[PDB]
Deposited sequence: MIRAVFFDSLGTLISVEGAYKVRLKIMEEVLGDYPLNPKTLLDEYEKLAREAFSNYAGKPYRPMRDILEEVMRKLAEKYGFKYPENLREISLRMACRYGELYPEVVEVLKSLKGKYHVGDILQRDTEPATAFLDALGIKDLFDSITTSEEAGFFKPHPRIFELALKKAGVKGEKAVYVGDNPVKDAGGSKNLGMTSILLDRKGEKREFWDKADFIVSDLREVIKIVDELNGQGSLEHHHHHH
């Protein structure tokens, strides 16, 4: 049976409007009056971050705030503005201020929490990640929160999943993982791909289920439990 349902909250439960506005506000704060378009800085930042994280995929963990600060240092040198001090504070303030959940998130977590172990699996440093979840009002809706910093490795390393399962006290066969990107297979978890806009059809085959609204998750799991 299914006894645990895991999510990737800061990555699949944050509205894209909200995620973009947070990142734009960060860029705007960094630049101040410097004569560079913040949307151009943002696009270039997302480029270098994606690249830097892929270099680390599956590797031993290194603080993500440190990696992002190197990226911003490259951008400051590239465009000529002064490297912002305390960038991690700027980012955490802007996320707590403007971060936003998809509309059905709270209802879905509250409904699962009575009958299942509800967990979060996150690739974000633990301290800022947990402060963000508190600001969003969902930290205490989770039975467990597990990060790559706790596990010691970046995805797709299985270790983060092994630890999340240990916290829930079950083997992979008893759990589902809801993510928006397709490591996790050898452990036996049931994968649900969240594809709100039907934009990742080429990756549907590598997922056991595909949804566009999180309210479909309770149905899949209630179904799987006879």
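- For this chain, the deposited residues without C-alpha positions form the stretches 183-187, 232-242, given in sequence order.
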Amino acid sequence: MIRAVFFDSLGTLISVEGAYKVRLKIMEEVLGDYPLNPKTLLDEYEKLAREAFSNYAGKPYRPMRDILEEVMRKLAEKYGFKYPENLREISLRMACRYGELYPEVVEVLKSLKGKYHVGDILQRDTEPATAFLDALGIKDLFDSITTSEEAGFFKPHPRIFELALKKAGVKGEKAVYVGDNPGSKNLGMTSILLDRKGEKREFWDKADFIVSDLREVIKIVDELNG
From here on, numbers count along this sequence of modelled residues.
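- Higher mean CA temperature factor, per the PDB entry, when comparing 21-29 with 208-216: 208-216.
- Taking the mean C-alpha B-factor of each stretch as recorded, 109-117 and 142-150 are not equal, and the higher mean is that of 109-117.
- The top Cα temperature factor in the record, among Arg196, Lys39, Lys166, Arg65, falls on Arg196.
- Split the chain's modelled residues into thirds by C-alpha temperature factor. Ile160 is in the lowest one.
- Ranked by Cα temperature factor within the chain, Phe53 sits in the highest third according to the deposited record.
- Among the modelled residues of the chain, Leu224 sits in the highest third by CA temperature factor in this PDB entry.
- Per-chain ranking of the deposited C-alpha B factor places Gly172 in the middle third.
- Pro182: CA B factor lies in the highest third for its chain, per the PDB record.
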